[PDB]
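K.L.:
For reference, the file protein-v9.pdb (PDB, C-alpha atoms) is included below:
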ATOM      1  CA  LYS Y   3     -12.297 -46.388   1.730  1.00  0.00           C
ATOM      2  CA  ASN Y   4     -12.445 -43.392  -0.571  1.00  0.00           C
ATOM      3  CA  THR Y   5      -9.902 -42.165  -3.028  1.00  0.00           C
ATOM      4  CA  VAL Y   6      -9.377 -39.480  -5.564  1.00  0.00           C
ATOM      5  CA  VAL Y   7     -10.553 -40.635  -8.962  1.00  0.00           C
ATOM      6  CA  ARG Y   8      -9.604 -37.490 -10.768  1.00  0.00           C
ATOM      7  CA  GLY Y   9      -7.111 -35.112  -9.310  1.00  0.00           C
ATOM      8  CA  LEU Y  10      -6.931 -31.366  -9.516  1.00  0.00           C
ATOM      9  CA  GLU Y  11      -5.213 -30.523 -12.737  1.00  0.00           C
ATOM     10  CA  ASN Y  12      -3.207 -27.331 -13.124  1.00  0.00           C
ATOM     11  CA  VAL Y  13      -5.026 -24.397 -14.651  1.00  0.00           C
ATOM     12  CA  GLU Y  14      -3.908 -21.448 -16.693  1.00  0.00           C
ATOM     13  CA  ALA Y  15      -5.942 -18.351 -16.724  1.00  0.00           C
ATOM     14  CA  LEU Y  16      -5.304 -14.690 -17.287  1.00  0.00           C
ATOM     15  CA  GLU Y  17      -6.401 -11.965 -14.949  1.00  0.00           C
ATOM     16  CA  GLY Y  18      -9.507 -11.603 -14.799  1.00  0.00           C
ATOM     17  CA  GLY Y  19     -10.776 -13.833 -16.202  1.00  0.00           C
ATOM     18  CA  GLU Y  20     -11.631 -16.886 -14.116  1.00  0.00           C
ATOM     19  CA  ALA Y  21     -10.382 -20.360 -13.281  1.00  0.00           C
ATOM     20  CA  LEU Y  22     -12.046 -23.601 -12.473  1.00  0.00           C
ATOM     21  CA  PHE Y  23     -10.838 -26.663 -10.664  1.00  0.00           C
ATOM     22  CA  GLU Y  24     -12.562 -30.025 -10.425  1.00  0.00           C
ATOM     23  CA  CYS Y  25     -12.059 -33.237  -8.606  1.00  0.00           C
ATOM     24  CA  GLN Y  26     -13.881 -36.507  -8.544  1.00  0.00           C
ATOM     25  CA  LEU Y  27     -13.965 -39.151  -5.874  1.00  0.00           C
ATOM     26  CA  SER Y  28     -14.658 -42.827  -5.549  1.00  0.00           C
ATOM     27  CA  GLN Y  29     -17.252 -42.362  -2.868  1.00  0.00           C
ATOM     28  CA  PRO Y  30     -19.481 -39.373  -2.186  1.00  0.00           C
ATOM     29  CA  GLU Y  31     -18.283 -36.823   0.347  1.00  0.00           C
ATOM     30  CA  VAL Y  32     -20.502 -33.988   1.365  1.00  0.00           C
ATOM     31  CA  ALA Y  33     -19.385 -32.805   4.708  1.00  0.00           C
ATOM     32  CA  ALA Y  34     -15.659 -32.958   5.222  1.00  0.00           C
ATOM     33  CA  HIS Y  35     -14.171 -31.006   2.393  1.00  0.00           C
ATOM     34  CA  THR Y  36     -12.400 -27.764   2.164  1.00  0.00           C
ATOM     35  CA  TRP Y  37     -10.623 -25.922  -0.566  1.00  0.00           C
ATOM     36  CA  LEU Y  38      -7.383 -24.138  -0.048  1.00  0.00           C
ATOM     37  CA  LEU Y  39      -5.417 -21.480  -1.787  1.00  0.00           C
ATOM     38  CA  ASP Y  40      -1.896 -21.845  -0.712  1.00  0.00           C
ATOM     39  CA  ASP Y  41      -2.809 -22.561   2.887  1.00  0.00           C
ATOM     40  CA  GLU Y  42      -5.779 -20.283   3.499  1.00  0.00           C
ATOM     41  CA  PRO Y  43      -9.174 -21.861   3.185  1.00  0.00           C
ATOM     42  CA  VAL Y  44     -11.512 -20.526   0.640  1.00  0.00           C
ATOM     43  CA  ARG Y  45     -13.940 -18.009   1.900  1.00  0.00           C
ATOM     44  CA  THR Y  46     -17.018 -18.269  -0.215  1.00  0.00           C
ATOM     45  CA  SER Y  47     -17.437 -14.995  -2.050  1.00  0.00           C
ATOM     46  CA  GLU Y  48     -18.751 -13.488  -5.285  1.00  0.00           C
ATOM     47  CA  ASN Y  49     -15.138 -13.911  -6.405  1.00  0.00           C
ATOM     48  CA  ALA Y  50     -14.886 -17.502  -5.238  1.00  0.00           C
ATOM     49  CA  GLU Y  51     -17.537 -20.148  -5.486  1.00  0.00           C
ATOM     50  CA  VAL Y  52     -17.659 -23.673  -4.240  1.00  0.00           C
ATOM     51  CA  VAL Y  53     -20.010 -26.409  -5.252  1.00  0.00           C
ATOM     52  CA  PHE Y  54     -20.389 -30.120  -5.724  1.00  0.00           C
ATOM     53  CA  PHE Y  55     -22.463 -32.400  -7.860  1.00  0.00           C
ATOM     54  CA  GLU Y  56     -23.879 -35.847  -7.851  1.00  0.00           C
ATOM     55  CA  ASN Y  57     -24.049 -35.816  -4.139  1.00  0.00           C
ATOM     56  CA  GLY Y  58     -20.394 -35.242  -3.570  1.00  0.00           C
ATOM     57  CA  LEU Y  59     -18.884 -37.311  -6.272  1.00  0.00           C
ATOM     58  CA  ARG Y  60     -17.636 -34.169  -7.965  1.00  0.00           C
ATOM     59  CA  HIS Y  61     -16.183 -31.044  -6.474  1.00  0.00           C
ATOM     60  CA  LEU Y  62     -15.573 -27.710  -8.101  1.00  0.00           C
ATOM     61  CA  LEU Y  63     -13.934 -24.467  -7.329  1.00  0.00           C
ATOM     62  CA  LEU Y  64     -14.489 -21.338  -9.330  1.00  0.00           C
ATOM     63  CA  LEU Y  65     -12.351 -18.274  -8.845  1.00  0.00           C
ATOM     64  CA  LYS Y  66     -13.305 -15.006 -10.513  1.00  0.00           C
ATOM     65  CA  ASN Y  67     -11.413 -11.869 -11.497  1.00  0.00           C
ATOM     66  CA  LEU Y  68      -7.870 -13.016 -11.000  1.00  0.00           C
ATOM     67  CA  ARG Y  69      -4.745 -11.009 -10.470  1.00  0.00           C
ATOM     68  CA  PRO Y  70      -1.443 -12.671 -11.175  1.00  0.00           C
ATOM     69  CA  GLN Y  71      -0.841 -11.979  -7.535  1.00  0.00           C
ATOM     70  CA  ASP Y  72      -3.371 -14.699  -7.173  1.00  0.00           C
ATOM     71  CA  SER Y  73      -1.169 -17.344  -8.637  1.00  0.00           C
ATOM     72  CA  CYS Y  74      -0.907 -20.081  -6.067  1.00  0.00           C
ATOM     73  CA  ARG Y  75      -1.384 -23.606  -4.923  1.00  0.00           C
ATOM     74  CA  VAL Y  76      -4.891 -25.010  -4.880  1.00  0.00           C
ATOM     75  CA  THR Y  77      -5.660 -27.826  -2.537  1.00  0.00           C
ATOM     76  CA  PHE Y  78      -8.813 -29.822  -2.024  1.00  0.00           C
ATOM     77  CA  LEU Y  79      -9.227 -31.768   1.112  1.00  0.00           C
ATOM     78  CA  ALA Y  80     -11.877 -34.329   1.944  1.00  0.00           C
ATOM     79  CA  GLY Y  81     -11.478 -36.325   5.090  1.00  0.00           C
ATOM     80  CA  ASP Y  82      -8.079 -37.713   4.448  1.00  0.00           C
ATOM     81  CA  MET Y  83      -7.560 -37.696   0.700  1.00  0.00           C
ATOM     82  CA  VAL Y  84      -5.777 -34.784  -0.838  1.00  0.00           C
ATOM     83  CA  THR Y  85      -5.227 -33.584  -4.350  1.00  0.00           C
ATOM     84  CA  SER Y  86      -3.437 -30.467  -5.481  1.00  0.00           C
ATOM     85  CA  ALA Y  87      -2.481 -28.337  -8.431  1.00  0.00           C
ATOM     86  CA  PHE Y  88      -1.189 -24.965  -9.530  1.00  0.00           C
ATOM     87  CA  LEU Y  89      -2.969 -21.863 -10.547  1.00  0.00           C
ATOM     88  CA  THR Y  90      -0.990 -19.634 -12.875  1.00  0.00           C
ATOM     89  CA  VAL Y  91      -2.490 -16.315 -13.748  1.00  0.00           C
ATOM     90  CA  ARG Y  92      -1.698 -14.198 -16.815  1.00  0.00           C
TER      91      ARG Y  92
END
Could I get this file's structure written as structure tokens?

P.N.:
Amino acid sequence: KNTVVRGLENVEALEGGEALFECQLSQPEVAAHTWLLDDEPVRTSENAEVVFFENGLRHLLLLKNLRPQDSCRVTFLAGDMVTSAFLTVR
């Protein structure tokens, strides 16, 4: 069964500016993941980028040009696991 090997850690960044979250897993997951800001899923956009490496062992979220307004709760979700952290801006 697969587990989080390296949780989201909180991130401090100042508007804007950019922030970057990462998250590693025991087993590789490529299809069932989604990132969330507060509770809204990330919409890929020039201001938000989503990728993974090593065939799904590592997951990354990059958010660009932040406004403190943007301070929130980042969640990564893959199948059933779940890891979270805080994004503080400025």

K.L.:
So what do you get for atom CA of residue Y:32 versus atom CA of residue Y:51, distance-wise?

P.N.:
15.7 Å

K.L.:
Considering all atoms listed in the file, return as a VMD selection string whatever protein or nucleic-acid residues lie within 9 Å of stretch 54-63 of chain Y, sequence-local ones (same chain, fewer than 2 positions apart) excluded.

P.N.:
chain Y and resid 21 to 33 37 50 to 52 65 78

K.L.:
Using the chain letters and numbering of this document, enumerate as a list in words the residues selected by the PyMOL selection byres ((chain Y and resi 17) around 7).

P.N.:
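Evaluating the PyMOL selection byres ((chain Y and resi 17) around 7) on these coordinates yields residues 15, 16, 18, 19, 67, 68, 69, 70, 91 and 92 of chain Y.
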
K.L.:
Exactly which residues make up the result of the PyMOL selection byres ((chain Y and resi 80) around 8) on this file, given as a list in words?

P.N.:
residues 31, 34, 35, 36, 78, 79, 81, 82, 83 and 84 of chain Y

K.L.:
So what does the PyMOL selection byres ((chain Y and resi 38-41) around 6) actually pick up in this one, as a PDB file with C-alpha atoms, in the coordinates of the input?

P.N.:
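part.pdb written:
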ATOM      1  CA  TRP Y  37     -10.623 -25.922  -0.566  1.00  0.00           C
ATOM      2  CA  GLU Y  42      -5.779 -20.283   3.499  1.00  0.00           C
ATOM      3  CA  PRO Y  43      -9.174 -21.861   3.185  1.00  0.00           C
ATOM      4  CA  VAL Y  44     -11.512 -20.526   0.640  1.00  0.00           C
ATOM      5  CA  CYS Y  74      -0.907 -20.081  -6.067  1.00  0.00           C
ATOM      6  CA  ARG Y  75      -1.384 -23.606  -4.923  1.00  0.00           C
ATOM      7  CA  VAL Y  76      -4.891 -25.010  -4.880  1.00  0.00           C
ATOM      8  CA  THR Y  77      -5.660 -27.826  -2.537  1.00  0.00           C
TER       9      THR Y  77
END

K.L.:
Any idea what the distance is between atom CA of residue Y:45 and atom CA of residue Y:11?

P.N.:
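Atom CA of residue Y:11 lies at a distance of 21.1 Å from atom CA of residue Y:45.
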
K.L.:
Could you give me the axis-aligned bounding box of stretch 60-76 of chain Y, with 3 Å of padding per side, as centre plus edge lengths in Å to one decimal, as AutoDock Vina command-line options?

P.N.:
--center_x -9.2 --center_y -22.6 --center_z -8.2 --size_x 22.8 --size_y 29.2 --size_z 12.6
